[PDB]
Structures are given as structure tokens and as C-alpha cells.
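Report on the following structure.
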Amino acid sequence: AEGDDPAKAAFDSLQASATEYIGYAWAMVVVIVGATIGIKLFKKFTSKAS
């Protein structure tokens, strides 16, 4: 029950990492995930869960 596609979630994914305009993860994906997963795994617990 969603006017914006039944799976807007994949829309952002399948479109993100695709090929044409590759949504916009082809690069920015590793850029931010670098910062998110960066300060994340790092300040998450001194490593993974310590």
C-alpha cells in the first residue's frame, strides 16, 4: 500500500548501484559509507564491540 512503488526501498538500491546513472552510489556509496562505517566501526566500541 504505497503510492511510491510497492518497494521504494529497492528503487533506491537497484537504482543506486545499477549502471546507467547508477543512481549515485557508484562513488558516493564508498565515500559516505567510508565516513558512516568509518567513525562507526571505529567509535562503535573501540573496534567491533570492545
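Going by the C-alpha cells order, chains are called A, B, ..., each with residues numbered from 1, while ligands are numbered from 1 in the order shown.
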
How would you write, as a ChimeraX atom specification, the set of residues in chain A that DSSP gives as alpha helix (DSSP H)? /A:8-16,28-43

Atom CA of residue 6 of chain A and atom CA of residue 29 of chain A are how many Å apart?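 That distance, rounded to one decimal, is 23.9 Å.
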
Tell me which of A:33, A:50, A:25, A:40 sits closest to residue 12 of chain A, counting only C-alpha atoms.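 The shortest atom-to-atom distance to residue 12 of chain A comes from A:25.
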